[PDB]
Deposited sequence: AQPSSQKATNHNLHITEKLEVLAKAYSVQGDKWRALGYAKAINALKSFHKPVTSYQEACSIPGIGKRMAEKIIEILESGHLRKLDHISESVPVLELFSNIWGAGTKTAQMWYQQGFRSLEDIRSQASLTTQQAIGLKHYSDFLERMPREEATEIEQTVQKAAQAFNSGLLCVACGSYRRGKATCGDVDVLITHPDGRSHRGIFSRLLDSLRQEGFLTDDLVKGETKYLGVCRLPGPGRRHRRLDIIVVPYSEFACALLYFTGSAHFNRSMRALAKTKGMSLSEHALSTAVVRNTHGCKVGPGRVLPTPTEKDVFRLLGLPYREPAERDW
């Protein structure tokens, strides 16, 4: 993991990200995910271009870090960037909102609180600003999953509730909990969603709602008792017929999903949380996750092997 170059790149990568240059930030993200994986630290400016994810521009930049010791572009990073990052860490506010607030003269969360116009979601994000920057211990994610499962299985004991995301990928900490809910009978998943949230809300577990769709919920919960933080909770309810693809999707990682979906498109297919399809298409049968891998000509990967 020879990475004294990456450190300086990530500063630039972050800068592009918060300023909304998502594609350049994407290039940097992949160039960096590479350097933290090359066996022996990079030596030659040719050793660079001989790596997947690094080209003429990135290579010559790496050659500036090694040779010179520091990259000059860093010195041209707008001074607004730290403030933009602060604002964009409010849930529900992205690059465009942060830049607008910044143009309006706002510089601190006190400025936002007192003077900014906030959406319903942003007001919740700001209230829980600190909490939402903390990742929870794996054990707390378990407790949250079980709270949801216990409350759901009370409408129907056959309902499957499974924590996906970083949890299923085996991480020691989780930014939130992602709970996928279904029923193996392909039908009992219906007419449950709204009742579930109502009971979780009734028992004081759900504290705030961010997004409420027909089959997806993004919100905020807090386990009972002292010393508890507010945690983000996302729930989706899917018909059993879509279980494997939904599980695959909601497990990720995000970068893994993107790569897998890109691959599917090259093979004349389309992959979503609903189905693996032939391009516009026929829905290919995917009873299990393994079926999706096999249809794409891929060796199966355990969730921990998908942590990209």
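If you line the structure up with the deposited chain, the stretches without a C-alpha atom are 1-10, 291-301.
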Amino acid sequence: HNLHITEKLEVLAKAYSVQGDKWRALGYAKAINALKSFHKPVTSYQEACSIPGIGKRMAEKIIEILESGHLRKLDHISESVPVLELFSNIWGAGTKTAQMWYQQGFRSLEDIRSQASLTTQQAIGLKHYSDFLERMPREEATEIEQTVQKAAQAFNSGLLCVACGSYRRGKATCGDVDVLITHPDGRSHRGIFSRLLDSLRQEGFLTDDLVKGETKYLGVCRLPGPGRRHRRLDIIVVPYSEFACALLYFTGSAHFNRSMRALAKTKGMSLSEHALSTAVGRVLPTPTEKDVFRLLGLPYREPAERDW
From here on, numbers count along this sequence of modelled residues.
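Look at the mean CA B-factor for 65-73 and for 263-271 in the entry; the higher one is 65-73. Checked against the record, the higher mean CA B factor of 143-151 and 75-83 lies with 75-83. Remark: of 92, 165, 105, 191, 191 shows the highest value [criterion: C-alpha B-factor in the PDB entry]. Comparing the C-alpha B-factors of 50, 251, 277, 241 in the entry, the top value falls on 50. When all modelled residues of the chain are sorted by CA temperature factor, residue 184 is found within the highest third. Among all modelled residues in this chain, the alpha-carbon of residue 12 has a temperature factor (C-alpha) in the highest third. Among the modelled residues of the chain, residue 213 sits in the middle third by CA temperature factor in this PDB entry. Residue 195: CA B factor lies in the highest third for its chain, per the PDB record. When the modelled residues of the chain are ordered by C-alpha B-factor, residue 157 sits in the highest third.
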